[PDB]
Amino acid sequence: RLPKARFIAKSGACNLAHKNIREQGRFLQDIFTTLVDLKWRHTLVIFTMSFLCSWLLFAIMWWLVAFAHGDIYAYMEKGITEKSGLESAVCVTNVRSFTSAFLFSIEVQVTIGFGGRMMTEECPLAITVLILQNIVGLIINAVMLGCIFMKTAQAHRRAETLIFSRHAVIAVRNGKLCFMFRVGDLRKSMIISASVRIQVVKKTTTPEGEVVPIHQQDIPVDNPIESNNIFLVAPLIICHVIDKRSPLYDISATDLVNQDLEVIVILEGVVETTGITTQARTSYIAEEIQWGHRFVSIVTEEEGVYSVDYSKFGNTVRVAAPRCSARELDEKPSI
Amino acid sequence: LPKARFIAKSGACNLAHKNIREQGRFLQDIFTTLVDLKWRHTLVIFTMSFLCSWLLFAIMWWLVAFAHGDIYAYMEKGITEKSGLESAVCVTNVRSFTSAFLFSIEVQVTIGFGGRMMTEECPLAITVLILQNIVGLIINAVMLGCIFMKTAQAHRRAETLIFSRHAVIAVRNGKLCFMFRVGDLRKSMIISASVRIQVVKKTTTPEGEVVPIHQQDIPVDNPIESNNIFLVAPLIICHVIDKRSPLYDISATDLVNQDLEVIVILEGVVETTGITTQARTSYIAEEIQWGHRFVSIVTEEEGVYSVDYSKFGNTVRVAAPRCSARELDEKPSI
Amino acid sequence: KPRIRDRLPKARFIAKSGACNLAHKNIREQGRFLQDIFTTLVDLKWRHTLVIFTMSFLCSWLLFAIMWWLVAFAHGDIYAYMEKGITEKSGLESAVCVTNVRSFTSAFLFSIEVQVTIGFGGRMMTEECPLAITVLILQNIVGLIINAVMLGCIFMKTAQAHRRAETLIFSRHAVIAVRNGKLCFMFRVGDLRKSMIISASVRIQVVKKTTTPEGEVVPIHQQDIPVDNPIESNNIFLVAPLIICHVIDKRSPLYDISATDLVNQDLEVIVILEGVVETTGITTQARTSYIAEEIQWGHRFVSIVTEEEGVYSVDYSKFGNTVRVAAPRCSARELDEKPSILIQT
Amino acid sequence: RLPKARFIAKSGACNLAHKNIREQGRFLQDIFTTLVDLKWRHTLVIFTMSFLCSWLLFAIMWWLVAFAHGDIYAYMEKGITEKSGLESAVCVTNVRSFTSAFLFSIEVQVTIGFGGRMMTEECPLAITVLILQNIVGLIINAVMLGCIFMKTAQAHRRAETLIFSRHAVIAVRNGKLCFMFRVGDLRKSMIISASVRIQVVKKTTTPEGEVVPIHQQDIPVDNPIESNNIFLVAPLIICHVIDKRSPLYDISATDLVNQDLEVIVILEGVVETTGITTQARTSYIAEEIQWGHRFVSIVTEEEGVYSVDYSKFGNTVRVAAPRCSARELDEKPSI
Amino acid sequence: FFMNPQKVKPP
Ligand SMILES: Nc1ncnc2c1ncn2[C@@H]1O[C@H](COP(=O)(O)OP(=O)(O)OP(=O)(O)O)[C@@H](O)[C@H]1O
Ligand SMILES: Nc1ncnc2c1ncn2[C@@H]1O[C@H](COP(=O)(O)OP(=O)(O)OP(=O)(O)O)[C@@H](O)[C@H]1O
Ligand SMILES: Nc1ncnc2c1ncn2[C@@H]1O[C@H](COP(=O)(O)OP(=O)(O)OP(=O)(O)O)[C@@H](O)[C@H]1O
Ligand SMILES: Nc1ncnc2c1ncn2[C@@H]1O[C@H](COP(=O)(O)OP(=O)(O)OP(=O)(O)O)[C@@H](O)[C@H]1O
Ligand SMILES: [K+]
Ligand SMILES: [K+]
């Protein structure tokens with residue numbers, strides 16, 4: 001019940017499906033690659049989750065370190081203020097509860113250090129865990145800071161916005177046929193070194209056995225200097241005449257109603273503000289190829305300055321066209 | 001009045017993208033525009049964000065040192081009437097707002113003097129501490145990223161490319177031309193530069209379909225037909241008029257009532273930064289002197305070549321034929 | 001046995017894997033200036049970076065702890081504290097240079113407390129000994145510099161994490177056949193990375209030892225060959241794998257070669273293709289070598305794309321599978337130099 | 001002895017004047033750009049001087065502030081009675097001299113914050129100085145971190161490493177005059193999509209009575225598909241066919257010596273290790289082109305692995321070459 | 001020191 005498989009959906013996104021793949025694995029370096037690029041919703045969570053985790057973990061470590069040295073006994077049980085004089089043997093001055101260890105870990109890692117919970121020189125394990133906690137805190141801090149700067153570097157690029165018309169046409173220009181779509185642009189910055197390429201996708205057997213299933217020929221776009229470049233501010237019409245060398249040369253008015261054609265168009269180039277290459281692609285199955293229809297004039301010189309009227313981006317009007325073939329039209333004068 | 005031009009004499013393509021569809025300003029755009037600001041705003045937003053965070057959390061600490069009873073203890077109880085605050089307050093030594101502001105500054109900027117120490121008596125204070133701490137770190141990261149992004153754009157300064165306001169249609173080795181002069185100010189050499197020349201006019205195809213504006217192209221003369229070019233000194237771009245060029249039937253003495261425009265586009269990459277760049281300009285009919293040819297510049301003086309911009313773009317009048325290239329070719333010799 | 005003698009020597013120019021196995025010699029090595037080592041710090045791996053990071057911080061702490069220990073020693077401070085005359089008699093009035101620095105352990109704790117901006121308050125610098133203030137200034141300058149350098153290292157190891165490795169794949173073996181009436185050279189190219197490759201290009205070159213009528217001989221001579229495109233351009237789209245064929249016309253430098261003589265032929269085919277990746281911004285270049293011994297004549301590639309239910313399927317198991325369809329023999333020049341019938345092909 | 005000045009010196013760095021240029025003034029943007037592009041021996045000086053100046057200036061302000069409120073003139077009188085100085089509410093506890101104020105600054109900006117010198121809520125001027133000091137400290141710290149990282153990031157590239165032959169050779173090839181120079185390499189990663197261009201620069205007239213000081217006449221490097229793109233992993237000989245279309249037609253060895261001419265060679269490509277575009281140039285003068293001295297083979301062929309040479313890089317061996325022009329070469333082209 | 005063999009499994 002499904003329609004013929006399309007090579008490229010209207011929103012680019014070549015929908016091929018590679019199977020029989022020699023699946024390597026992950027290498028555990030994939031996680032960091034994913035982490036550097038997340039939607040901002042998450043990178044205000046993994047920040048909080050990392051900081052809060054590390055804090056709590058080192059808090060429990062301080063709790064056990066103090067607990068096993070007998071400090072908590074000396075604080076809790078012995079006299080509160082007067083009946084007891086500290087033996088100075090304590091490991092971490094004035095941390096007599098878990099919450100105290102939390103308010104010590106925060107101090108020891110966010111570099112606050114209020115100074116009501118000092119580090120004495122008795123318990124060597126305490127100094128060891130202090131070195132370890134400080135090192136871990138710095139490593140996490142640098143990684144998170146670099147992640148935040150990376151996700152502030154990519155605030156310029158948003159999305160490829162280059163708009164091709166819905167359905168193409170085929171008309172008459174200078175006594176010869178053609179085939180036209182309509183490219184366009186939206187945002188402020190122009191394109192730089194823009195290029196256009198037209199490929200026709202077909203299943204073309206050969207007289208020598210080979211039958212390439214999905215094979216893609218390239219066809220030229222009309223231009224008086226044979227250069228595939230284009231400089232666009234208002235929408236252009238990148239025509240591509242048909243001739244004996246061209247593959248569409250055997251197309252027909254009625255056969256196109258049931259035919260296997262696939263004219264993908266790709267457009268490449270950079271943008272001045274971003275300074276990043278980019279490209280956009282689309283395809284035109286036979287069902288959305290009209291005939292005789294030509295595109296409409298869109299630019300009208302108003303009183304002050306030129307105006308491009310997007311109101312009729314893809315509107316088409318019928319005009320004279322012959323129902324014969326390209327080879328019929330070019331076969332003979334009388335033809 | 002003035003007939004509109006496609007692109008003005010100094011970049012800045014002027015048009016009217018009328019009736020565009022509504023995308024909707026998505027929220028990420030605010031950060032996007034934060035990243036790229038001039039420096040007479042970056043320090044302002046920086047300072048305002050820091051001060052606002054400080055003041056807001058200071059007010060929060062004061063409320064925490066009000067709902068819990070501490071200010072009453074420190075105020076009403078004298079030095080020795082209670083003789084020491086036995087019931088440890090949520091935060092020690094917070095008995096004002098200014099004092100709470102100082103405590104907030106201490107906690108935010110990672111100073112923590114010690115007088116405004118914190119005890120583990122009440123939980124809400126600890127929760128506020130964690131909240132303010134994490135928010136402060138996030139703001140710190142954001143502002144550091146902003147300042148470093150701006151630092152990374154020190155080289156990217158401006159655009160400098162010296163075109164001319166006068167195109168010359170003058171004879172050269174038995175043909176016509178439409179030359180112009182291209183300069184360069186920056187000490188760098190533009191790597192892999194290219195030039196392009198386009199012609200804009202209203203057109204009517206033989207089958208009656210019209211195109212109001214339209215970009216025809218014209219080749220750039222080069223003995224290898226290559227759009228690459230090497231602009232060290234000022235150069236004289238030219239576009240010879242063959243029989244098949246659009247300008248082949250120009251109104252030689254009537255370049256007034258002609259609907260025409262010439263566009264020049266120069267592409268390159270700067271070999272100091274690596275940023276691609278593109279400059280452009282346009283010649284209307286009225287700014288195209290006829291018969292006038294450009295002026296030689298370089299004059300060797302003391303074994304070092306000299307280039308003077310004093311006479312950069314002034315042209316000397318020279319007699320020349322006055323007839324279309326079709327009229328200068330159809331006849332055997334003119 | 002005998003084959004190994006022929007086997008030991010092998011005139012090859014770039015590795016089948018892709019590296020350019022060669023040898024530079026007689027260079028004018030003027031030296032190796034210092035900054036190079038610093039660059040090696042940037043481009044290490046995570047295990048080495050973590051070790052150098054933590055080791056650097058710990059080394060700085062220990063060194064300046066020894067320094068603070070000496071400073072609080074020479075000022076006649078450790079003894080002044082050790083005098084247990086009273087609970088606190090001479091350690092307050094005598095104005096010790098640095099408060100509460102009693103032993104190297106304590107001095108190290110102070111170094112930690114002053115370098116990472118901890119500031120535990122129990123042991124503060126004082127206004128008496130200018131030497132301590134000088135060493136504190138030096139401490140903080142070196143601390144901030146080390147912090148900045150290590151942050152730069154870790155960040156730059158983050159910003160060079162988009163890359164993983166090359167992902168362009170070539171066929172193990174070549175193929176030569178007859179297509180569209182004339183002899184053709186084949187090779188298979190495929191891609192694995194989901195992100196596309198924009199503005200790609202390919203080049204095929206013949207590497208050979210040459211001769212000149214004047215007499216000069218270039219040992220490794222390179223000459224390009226066309227890539228047979230319908231519009232004569234080196235632009236190739238990479239969605240499905242394909243065969244970048246090159247018609248062996250008379251103008252090509254493989255006219256004279258024959259199918260029988262292939263085993264001894266000294267010519268080597270090199271393929272170099274390149275393009276920029278869309279989602280990273282880096283221009284990559286992948287190169288492969290086709291040695292004469294690997295060019296199985298007569299073979300052809302099979303179809304690798306079939307219509308599934310609504311969407312095309314593509315295989316990679318049958319990727320390099322070739323069928324030995326019978327092919328014309330030694331006709332590269334024979335058929336090219338067409339006989340009177342000119343129908344031997 | 002006379003200079004007879006060139007266009008590009010043998011190492012590059014086009015030595016041409018630029019006179020009568022209207023000034024654009026300057027911008028502090030230029031001071032910042034100068035800062036970023038510095039070298040280490042000055043970064044590790046400007047950074048430290050910035051820090052030390054910051055600390056000293058804020059310490060001076062702190063000392064003045066503690067003077068005006070009478071803090072100094074108040075701690076002094078407290079001889080032995082601690083209460084007699086504790087009673088008066090000082091503005092910054094335990095600052096009593098310059099050195100003290102210096103230490104208070106150095107504890108405030110770097111955020112060390114010991115706390116034995118505490119700040120109280122008794123003097124709004126102290127709060128404004130604190131705010132100002134902390135903001136200045138953050139801005140200075142951020143910009144210096146930016147500079148240091150920028151050096152750690154862009155110290156991955158070095159001076160261009162390309163080697164050209166000292167001399168150029170006009171030789172014989174395939175039965176015709178020809179032009180040759182040598183272009184080598186020293187780095188590891190091969191440049192990507194390299195291109196080469198050759199320009200003959202000489203003062204030219206124009207038969208319609210117009211002169212031009214320094215023309216530039218691009219000329220195509222020989223290749224079977226006319227493609228400037230060149231593979232470059234071993235030293236090469238970028239040839240140049242000489243034709244009745246090329247501006248070297250009318251030069252013989254007799255006329256070679258005192259002839260006004262030049263050749264500029266510019267080649268460009270993108271290094272992949274640094275992912276950055278670059279271009280290098282050379283320039284040969286008339287007297288530096290040893291006629292007929294054909295270039296000498298370089299590379300050798302060992303059994304296991306090839307090998308090359310650079311000691312005899314620009315050795316110009318001599319072989320028989322005609323001492324005659326190119327037009328005359330086909331004027332009597334018999335033998 | 002393991003083979004670490006890779007085989008894909010069918011839907
Ligand atoms: N104002 C506009 N802004 C942006 N894109 C537009 C606008 N008008 C039309 N388009 C483009 O036209 C394409 C198809 O438009 P859609 O099918 O929604 O309307 P349509 O009139 O049926 O088709 P079309 O607009 O192509 O004639 C879309 O890709 C869209 O981007
Ligand atoms: N000395 C100079 N410095 C910088 N730019 C110059 C200089 N001389 C000319 N230019 C540039 O040349 C362009 C046009 O030069 P032209 O010979 O037409 O003189 P002009 O147009 O009369 O000068 P202006 O536009 O200043 O009146 C201008 O855009 C100008 O920026
Ligand atoms: N299914 C696949 N998935 C991923 N890569 C493949 C696959 N098949 C082949 N390759 C790659 O193609 C290259 C040559 O493959 P080939 O056509 O020789 O298949 P093969 O003979 O199975 O390869 P090998 O002998 O290396 O296993 C190899 O480098 C391999 O990495
Ligand atoms: N052995 C070498 N290794 C690396 N680079 C070299 C070597 N020899 C020369 N070069 C570089 O190539 C350029 C040309 O060197 P060439 O072989 O022509 O020597 P030369 O210039 O004739 O000798 P001299 O330098 O004495 O004039 C030189 O500028 C040099 O920088
Ligand atoms: K701190
Ligand atoms: K970056």
# chains A, B, ... in the order shown; residues from 1 in each chain; ligands from 1
$ interface_residues --of "chain C" --to "chain B" --cutoff "12 Å" --atoms "only C-alpha atoms" --output "PyMOL selection string"
chain C and resi 116-122+124+152+155
$ residues_near_ligand --ligand "ligand 4" --cutoff "10 Å" --atoms "only C-alpha atoms and all ligand atoms" --output "PyMOL selection string"
(chain C and resi 24-30) or (chain D and resi 10-11+161-168+182-186+309-316)
$ closest_atom_pairs --of "chain B" --to "ligand 2" --cutoff "12 Å" --atoms "only C-alpha atoms and all ligand atoms" --output "CSV"
residue,atom,partner,partner_atom_place_in_ligand_line,distance
B:9,CA,ligand 2,29 (O),8.9
B:10,CA,ligand 2,29 (O),7.9
B:11,CA,ligand 2,29 (O),11.1
B:159,CA,ligand 2,31 (O),11.4
B:160,CA,ligand 2,31 (O),8.6
B:161,CA,ligand 2,31 (O),8.1
B:162,CA,ligand 2,11 (C),5.2
B:163,CA,ligand 2,13 (C),5.6
B:164,CA,ligand 2,14 (C),4.5
B:165,CA,ligand 2,18 (O),4.5
B:166,CA,ligand 2,18 (O),6.4
B:167,CA,ligand 2,18 (O),9.8
B:180,CA,ligand 2,18 (O),10.6
B:181,CA,ligand 2,17 (O),9.2
B:182,CA,ligand 2,12 (O),9.2
B:183,CA,ligand 2,12 (O),8.4
B:184,CA,ligand 2,5 (N),9.2
B:185,CA,ligand 2,4 (C),7.6
B:186,CA,ligand 2,4 (C),10.8
B:234,CA,ligand 2,12 (O),10.9
B:281,CA,ligand 2,29 (O),10.5
B:287,CA,ligand 2,18 (O),10.2
B:288,CA,ligand 2,18 (O),11.5
B:289,CA,ligand 2,18 (O),11.7
B:294,CA,ligand 2,17 (O),10.2
B:295,CA,ligand 2,17 (O),10.6
B:307,CA,ligand 2,1 (N),11.1
B:308,CA,ligand 2,1 (N),8.4
B:309,CA,ligand 2,1 (N),5.4
B:310,CA,ligand 2,1 (N),6.3
B:311,CA,ligand 2,17 (O),6.8
B:312,CA,ligand 2,17 (O),5.1
B:313,CA,ligand 2,17 (O),3.1
B:314,CA,ligand 2,17 (O),5.3
B:315,CA,ligand 2,17 (O),8.6
$ interface_residues --of "chain E" --to "chain A" --cutoff "9 Å" --atoms "only C-alpha atoms" --output "list in words"
residues 6, 7 and 8 of chain E
$ write_last_selection --atoms "N, CA, C and O atoms" --output "mmCIF file, in the first residue's frame"
data_model
loop_
_atom_site.group_PDB
_atom_site.id
_atom_site.type_symbol
_atom_site.label_atom_id
_atom_site.label_comp_id
_atom_site.auth_asym_id
_atom_site.auth_seq_id
_atom_site.Cartn_x
_atom_site.Cartn_y
_atom_site.Cartn_z
ATOM 1 N N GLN E 6 32.496 -9.540 17.729
ATOM 2 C CA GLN E 6 31.283 -8.735 17.532
ATOM 3 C C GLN E 6 30.279 -9.288 16.518
ATOM 4 O O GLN E 6 30.547 -9.296 15.317
ATOM 5 N N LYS E 7 29.107 -9.698 17.006
ATOM 6 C CA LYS E 7 28.043 -10.234 16.155
ATOM 7 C C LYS E 7 26.737 -9.523 16.440
ATOM 8 O O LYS E 7 26.301 -9.478 17.585
ATOM 9 N N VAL E 8 26.122 -8.974 15.396
ATOM 10 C CA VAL E 8 24.843 -8.262 15.500
ATOM 11 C C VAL E 8 23.681 -9.237 15.682
ATOM 12 O O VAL E 8 23.747 -10.370 15.220
#
$ residues_near_ligand --ligand "ligand 6" --cutoff "9 Å" --atoms "only C-alpha atoms and all ligand atoms" --output "VMD selection string"
(chain A and resid 149 to 150 153) or (chain B and resid 149 152) or (chain C and resid 156 159 to 160) or (chain D and resid 153)
$ interface_residues --of "chain D" --to "chain A" --cutoff "10 Å" --atoms "only C-alpha atoms" --output "PyMOL selection string"
chain D and resi 111-116
$ write_last_selection --atoms "N, CA, C and O atoms" --output "PDB file, in the first residue's frame"
ATOM      1  N   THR D 111      40.531  36.616  46.755  1.00  0.00           N
ATOM      2  CA  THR D 111      39.521  35.874  47.504  1.00  0.00           C
ATOM      3  C   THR D 111      40.144  34.879  48.480  1.00  0.00           C
ATOM      4  O   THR D 111      39.532  33.862  48.812  1.00  0.00           O
ATOM      5  N   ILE D 112      41.362  35.149  48.949  1.00  0.00           N
ATOM      6  CA  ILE D 112      41.956  34.299  49.977  1.00  0.00           C
ATOM      7  C   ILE D 112      41.144  34.391  51.259  1.00  0.00           C
ATOM      8  O   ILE D 112      40.739  33.376  51.832  1.00  0.00           O
ATOM      9  N   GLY D 113      40.877  35.610  51.712  1.00  0.00           N
ATOM     10  CA  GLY D 113      39.947  35.829  52.805  1.00  0.00           C
ATOM     11  C   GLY D 113      40.242  35.097  54.096  1.00  0.00           C
ATOM     12  O   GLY D 113      39.510  34.177  54.470  1.00  0.00           O
ATOM     13  N   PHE D 114      41.314  35.480  54.787  1.00  0.00           N
ATOM     14  CA  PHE D 114      41.637  34.822  56.047  1.00  0.00           C
ATOM     15  C   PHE D 114      40.615  35.157  57.121  1.00  0.00           C
ATOM     16  O   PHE D 114      40.124  34.268  57.821  1.00  0.00           O
ATOM     17  N   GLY D 115      40.273  36.427  57.263  1.00  0.00           N
ATOM     18  CA  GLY D 115      39.232  36.831  58.175  1.00  0.00           C
ATOM     19  C   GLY D 115      39.718  37.413  59.483  1.00  0.00           C
ATOM     20  O   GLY D 115      38.929  38.056  60.185  1.00  0.00           O
ATOM     21  N   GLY D 116      40.983  37.206  59.838  1.00  0.00           N
ATOM     22  CA  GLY D 116      41.516  37.887  61.000  1.00  0.00           C
ATOM     23  C   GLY D 116      41.459  39.391  60.877  1.00  0.00           C
ATOM     24  O   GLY D 116      41.493  40.095  61.891  1.00  0.00           O
TER      25      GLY D 116
END
$ interface_residues --of "chain A" --to "chain C" --cutoff "7 Å" --atoms "only C-alpha atoms" --output "ChimeraX atom specification"
/A:2-5,16-21,33,111-115,118,121,135,142-143,146,206-208,212-214,218-220,276-278
$ residues_around --residues "residue 137 in chain A" --least-positions-apart "3" --cutoff "9 Å" --atoms "only C-alpha atoms" --output "tab-separated table (two decimals) with N, CA and C atoms, in the first residue's frame"
chain	number	residue	atom	x	y	z
A	51	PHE	N	27.66	19.04	41.09
A	51	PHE	CA	28.09	19.77	42.28
A	51	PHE	C	27.48	19.17	43.54
A	54	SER	N	28.99	15.61	44.37
A	54	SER	CA	30.34	15.70	44.92
A	54	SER	C	30.32	16.25	46.34
A	109	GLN	N	35.40	22.82	49.45
A	109	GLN	CA	35.44	22.64	48.01
A	109	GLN	C	35.03	23.86	47.20
A	110	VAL	N	34.08	24.66	47.67
A	110	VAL	CA	33.68	25.86	46.95
A	110	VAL	C	34.63	26.98	47.32
A	132	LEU	N	42.73	15.07	48.09
A	132	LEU	CA	41.94	14.39	47.07
A	132	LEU	C	40.67	15.17	46.74
A	133	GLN	N	39.97	15.66	47.76
A	133	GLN	CA	38.75	16.42	47.51
A	133	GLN	C	39.05	17.69	46.74
A	134	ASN	N	40.13	18.39	47.10
A	134	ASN	CA	40.45	19.62	46.40
A	134	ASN	C	40.78	19.35	44.94
A	140	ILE	N	36.55	18.79	38.29
A	140	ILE	CA	35.14	18.95	37.94
A	140	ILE	C	34.86	20.39	37.55
A	141	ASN	N	35.44	21.34	38.28
A	141	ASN	CA	35.19	22.75	37.99
A	141	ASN	C	35.67	23.11	36.60
A	142	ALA	N	36.88	22.67	36.24
A	142	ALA	CA	37.40	22.99	34.92
A	142	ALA	C	36.56	22.35	33.83
$ select_by_dssp --residues "range 19-183 of chain C" --states "alpha helix (DSSP H)" --output "MDAnalysis selection string"
chainID C and resid 36:42 46:74 78:82 104:115 130:159
$ write_last_selection --atoms "C-alpha atoms" --output "compact mmCIF listing (two decimals), in the first residue's frame"
# COMPACT_ATOMS: atom_id res chain seq x y z
CA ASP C 36 57.25 22.60 21.10
CA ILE C 37 57.12 20.81 24.46
CA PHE C 38 54.26 23.07 25.53
CA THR C 39 52.26 22.03 22.48
CA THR C 40 52.76 18.40 23.47
CA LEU C 41 51.02 19.27 26.73
CA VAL C 42 47.89 20.25 24.81
CA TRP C 46 43.16 11.90 29.26
CA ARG C 47 45.22 9.57 31.45
CA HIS C 48 48.40 11.55 30.81
CA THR C 49 46.60 14.89 31.16
CA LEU C 50 45.08 13.90 34.50
CA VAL C 51 48.44 12.71 35.78
CA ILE C 52 50.27 15.87 34.70
CA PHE C 53 47.46 18.05 36.09
CA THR C 54 47.35 16.51 39.56
CA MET C 55 51.12 16.05 39.73
CA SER C 56 51.65 19.71 38.87
CA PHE C 57 49.28 20.94 41.56
CA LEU C 58 50.80 18.64 44.18
CA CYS C 59 54.35 19.59 43.20
CA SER C 60 53.59 23.29 43.49
CA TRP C 61 51.99 22.78 46.90
CA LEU C 62 54.88 20.72 48.27
CA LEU C 63 57.54 23.08 46.92
CA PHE C 64 56.00 26.21 48.35
CA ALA C 65 55.30 24.36 51.59
CA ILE C 66 59.03 23.73 51.91
CA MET C 67 59.57 27.42 51.18
CA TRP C 68 57.11 28.57 53.86
CA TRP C 69 58.72 26.14 56.28
CA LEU C 70 62.13 27.70 55.72
CA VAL C 71 60.69 31.20 56.08
CA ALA C 72 58.91 30.43 59.35
CA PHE C 73 62.12 28.71 60.47
CA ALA C 74 64.66 31.47 59.89
CA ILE C 78 59.35 27.49 65.54
CA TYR C 79 61.47 27.64 68.68
CA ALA C 80 59.45 30.58 70.00
CA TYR C 81 56.34 28.43 69.69
CA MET C 82 58.01 25.32 71.12
CA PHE C 104 56.21 21.34 58.27
CA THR C 105 52.83 19.62 58.35
CA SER C 106 51.28 22.90 59.46
CA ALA C 107 53.29 24.87 56.90
CA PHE C 108 52.02 22.57 54.16
CA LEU C 109 48.47 23.04 55.40
CA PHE C 110 49.05 26.78 55.18
CA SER C 111 50.35 26.44 51.62
CA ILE C 112 47.17 24.58 50.70
CA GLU C 113 45.06 27.16 52.52
CA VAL C 114 46.70 30.05 50.64
CA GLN C 115 47.05 28.68 47.12
CA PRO C 130 58.36 41.57 54.66
CA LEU C 131 59.95 38.36 53.40
CA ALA C 132 56.70 36.49 54.01
CA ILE C 133 54.74 39.09 52.05
CA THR C 134 57.20 38.79 49.15
CA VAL C 135 56.85 35.02 49.13
CA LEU C 136 53.06 35.35 49.34
CA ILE C 137 52.98 37.60 46.29
CA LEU C 138 55.13 35.15 44.36
CA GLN C 139 52.92 32.31 45.57
CA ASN C 140 49.74 33.91 44.30
CA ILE C 141 51.17 34.89 40.91
CA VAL C 142 52.45 31.38 40.25
CA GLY C 143 49.21 29.89 41.55
CA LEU C 144 47.02 31.90 39.22
CA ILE C 145 49.31 31.23 36.26
CA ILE C 146 49.24 27.48 36.89
CA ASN C 147 45.47 27.58 37.30
CA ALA C 148 45.06 29.38 33.98
CA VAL C 149 47.41 27.01 32.15
CA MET C 150 45.71 23.88 33.48
CA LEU C 151 42.28 25.30 32.65
CA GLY C 152 43.48 26.01 29.13
CA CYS C 153 44.76 22.46 28.83
CA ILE C 154 41.49 20.88 29.96
CA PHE C 155 39.31 23.15 27.84
CA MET C 156 41.39 22.59 24.70
CA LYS C 157 41.11 18.86 25.32
CA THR C 158 37.35 19.45 25.36
CA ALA C 159 37.22 21.56 22.17
$ closest_residue --among "A:105, A:334, A:282, A:94" --to "ligand 1" --atoms "only C-alpha atoms and all ligand atoms"
A:282
$ residues_around --residues "range 14-20 of chain B" --least-positions-apart "3" --cutoff "8 Å" --atoms "only C-alpha atoms" --output "PyMOL selection string"
(chain A and resi 305-311) or (chain B and resi 6-8)
$ closest_residue --among "A:285, A:194, A:230, A:101" --to "residue 257 in chain A" --atoms "only C-alpha atoms"
A:285
$ atom_distance --atom1 "CA of residue 117 in chain B" --atom2 "CA of residue 117 in chain A"
10.1 Å
$ residues_around --residues "residue 52 in chain A" --least-positions-apart "5" --cutoff "12 Å" --atoms "only C-alpha atoms" --output "number ranges by chain"
A: 45-47, 57-59, 102, 105-106, 109-110, 137, 140; B: 127, 130-131, 133-134
$ select_by_dssp --residues "range 28-208 of chain B" --states "strand (DSSP E or B)" --output "short mmCIF file (atom, residue, chain, number, x, y, z; two decimals) with C-alpha atoms, in the first residue's frame"
data_model
loop_
_atom_site.label_atom_id
_atom_site.label_comp_id
_atom_site.auth_asym_id
_atom_site.auth_seq_id
_atom_site.Cartn_x
_atom_site.Cartn_y
_atom_site.Cartn_z
CA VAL B 91 23.59 32.57 61.04
CA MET B 118 27.24 29.83 59.66
CA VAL B 168 35.62 53.46 -17.11
CA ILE B 169 34.35 52.38 -20.52
CA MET B 179 37.02 48.56 -15.81
CA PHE B 180 37.25 49.51 -12.16
CA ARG B 181 39.91 49.76 -9.49
CA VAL B 182 40.25 47.48 -6.46
CA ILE B 190 43.68 37.95 1.05
CA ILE B 191 44.19 34.25 0.33
CA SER B 192 42.27 32.64 -2.55
CA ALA B 193 40.38 35.79 -3.49
CA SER B 194 37.82 35.77 -6.29
CA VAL B 195 35.96 38.40 -8.30
CA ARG B 196 32.51 38.26 -9.88
CA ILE B 197 30.70 40.68 -12.18
CA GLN B 198 26.93 40.59 -12.61
CA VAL B 199 24.47 42.64 -14.66
CA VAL B 200 20.97 43.50 -13.45
CA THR B 203 14.04 41.30 -19.03
CA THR B 204 11.33 39.85 -21.27
#
$ atom_distance --atom1 "CA of residue 157 in chain D" --atom2 "CA of residue 271 in chain D"
9.6 Å
$ interface_residues --of "chain B" --to "chain D" --cutoff "8 Å" --atoms "only C-alpha atoms" --output "number ranges by chain"
B: 47, 98-99, 102, 109-115, 144, 147-148, 151-152, 154-155, 157, 171-173, 191-192, 222-224, 271, 274, 296-299, 302-310
